[PDB]
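In the order they appear, the protein sequences are chains B and C.
Quick note, the first sequence lines up with residues 508 to 557 if you use the entry's author numbering.
Quick note, the second sequence lines up with residues 14 to 63 if you use the entry's author numbering.
Quick reminder that beta carbons are idealized off the backbone N, C-alpha and C, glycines included.
Notes for the one structure printed next.
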Amino acid sequence: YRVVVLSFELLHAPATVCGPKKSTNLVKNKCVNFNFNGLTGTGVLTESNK
Amino acid sequence: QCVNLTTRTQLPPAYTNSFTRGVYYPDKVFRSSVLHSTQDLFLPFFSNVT
């Protein structure tokens with residue numbers, strides 16, 4: 508029997524391998540949920556400097 | 014095959030003091046104006062070098 512095992516990892520680091528494309532657009536300032544780079548959440552989006 | 018080029022003279026080494034080294038951000042994430050604890054591979058504040 509040929510066995511292959513995939514070992515993922517979801518550490519608190521920026522992902523590098525991601526699901527195929529699935530990219531739509533950005534938004535400037537609206538109360539909209541996001542799923543950016545495997546990091547999903549909900550809120551309003553604003554421009555700030557860091 | 015190989016050539017041996019060695020000398021019979023050997024000298025013992027010596028140590029020296031070393032101040033604060035071994036400070037690095039634990040993770041790629043960013044933090045601002047927050048004090049955070051960590052438990053990982055660092056190097057103490059006062060040590061010796063050779």
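Could you tell me the boundaries of the beta strand (DSSP E) in which residue i lies?
i, result
"C:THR33", "Unbroken run through C:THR33: none, as it is neither H nor E."
"C:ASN61", "60-62"
Do you know whose CA, among the options, lies nearest residue i's CA?
i, options, result
"B:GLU554", "B:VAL511, B:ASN536, B:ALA520, B:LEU518", "B:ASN536"
"C:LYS41", "B:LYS557, B:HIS519, B:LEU552, B:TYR508", "B:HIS519"
"B:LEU552", "B:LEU533, B:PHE515, B:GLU516", "B:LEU533"
"C:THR63", "C:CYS15, C:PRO26, C:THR19", "C:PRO26"
"B:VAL524", "B:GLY550, B:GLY545, B:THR531", "B:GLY545"
"B:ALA522", "B:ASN556, B:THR549, B:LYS557, B:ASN542", "B:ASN542"
"B:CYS538", "B:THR531, B:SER530, B:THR549", "B:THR549"
"C:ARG44", "B:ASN540, B:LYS557, B:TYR508, B:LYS528", "B:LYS557"
Chain B partners of residue i, CB-CB under 7 Å?
i, result
"C:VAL42", "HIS519"
Taking DSSP's pairing of strands, which residues face residue i in a bridge?
i, result
"B:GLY550", "B:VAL539"
Handout entry: Given 8 Å, three or more beta-carbon pairs between the stretch 47-56 of chain C and the stretch 24-39 of chain C
Key = yes
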